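Heads up: the structure comes next, in structure tokens.
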Amino acid sequence: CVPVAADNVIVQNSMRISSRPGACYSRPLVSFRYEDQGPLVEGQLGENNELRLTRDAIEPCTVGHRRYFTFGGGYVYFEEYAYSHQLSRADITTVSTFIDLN
Amino acid sequence: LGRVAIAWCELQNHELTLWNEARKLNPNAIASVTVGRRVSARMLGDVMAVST
Amino acid sequence: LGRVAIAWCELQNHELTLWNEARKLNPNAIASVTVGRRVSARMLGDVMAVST
Amino acid sequence: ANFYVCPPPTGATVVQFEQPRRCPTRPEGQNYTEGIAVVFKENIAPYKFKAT
């Protein structure tokens, strides 16, 4: 994979598709530049800070679209395909999948 | 025992991805096993939303 | 070593959910490994049906 | 012998899996310096000599 600086990545305001009403992207869109002076590249978010070149994740519009997605060191909130705010890692209660061996 | 502890920490950090896949597959069972109480769940994206 | 044994029992009881998901995914391989002999499995429903 | 009913979860409660914990590192080990040695003990034996 090709590393990308955090500052070179931005969040699109909404996942709604203007061309096709009733359809929205299931994963937030990302506009990013390869370097500091690099051009912006239209893309879609992936899993664990991954960036997808193709904005192909398309789903029908759904009510109650309260979703969370990772973003750098924290999460980014959404409601009805609308950006809400950044979230820190500690903002969400953590359940431990690990099994302690003291 | 330090080798065992290091291997156990590596095993947890290494099965974390298996656990993520299992959460994507059967969120109710995975969330119940993780929390300790039988709870219904639904992964609303990168995070899991639960309900007792 | 008692802590190790307790953690191992917890690890088995805790990976049982991953194993249920894996049975749902690849029943042939999962049943073969669990039994100890290369066998073919079918739609379990709630219990694996196997055949040598 | 128990039964449960799971209502459809909402966004009220959100949980996350713990991040991969930092595995402990092996100790640097006891830096051992080899070499010959001759342990000496207190001479409780007397000083014997031949006298006439």
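Please note that chains go A, B, ... in the order of the structure tokens, that every chain numbers its residues from 1, and that ligands are numbered from 1 in the order shown.
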Exercise answer, chain B residues close to chain A, 9 Å and only C-alpha atoms, as a list in words: residues 5, 8, 9, 11, 12, 13, 15, 16, 19, 31, 33, 34, 35, 43, 44, 45, 46, 47 and 48 of chain B
Which residues of chain D are close to chain A, meaning at most 9 Å apart when you count only C-alpha atoms, and how do they look as a PyMOL selection string? chain D and resi 10-11+13-21
Quick one: residues within 9 Å of residue 6 (chain D), only C-alpha atoms, excluding same-chain residues fewer than 2 positions away - as JSON, numbers by chain? {"B": [28, 38, 39, 40, 41, 51, 52], "D": [4, 8, 9]}
Now that the selection is made, can you save its residues with C-alpha atoms as a short mmCIF file (atom, residue, chain, number, x, y, z; two decimals), in the first residue's frame?
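In the end it all went to result04.cif:
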data_model
loop_
_atom_site.label_atom_id
_atom_site.label_comp_id
_atom_site.auth_asym_id
_atom_site.auth_seq_id
_atom_site.Cartn_x
_atom_site.Cartn_y
_atom_site.Cartn_z
CA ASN B 28 -25.32 -10.85 17.82
CA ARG B 38 -26.65 -12.09 25.71
CA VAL B 39 -27.35 -8.89 23.76
CA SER B 40 -28.70 -8.25 20.28
CA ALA B 41 -26.36 -6.24 18.08
CA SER B 51 -29.16 -3.65 22.78
CA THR B 52 -29.80 -5.82 25.82
CA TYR D 4 -33.83 -14.67 25.14
CA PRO D 8 -33.70 -4.52 17.03
CA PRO D 9 -30.74 -2.49 18.32
#
Counting only C-alpha atoms, which residues of chain C come no farther than 8 Å from chain B, as a count of residues only? 4
Would you compute the distance between CA of residue 80 (chain A) and CA of residue 63 (chain A)? Give it in Å to one decimal. 6.7 Å
When you count only C-alpha atoms, which of these residues is closest to chain B: D:23, D:45, D:38, D:1? D:23
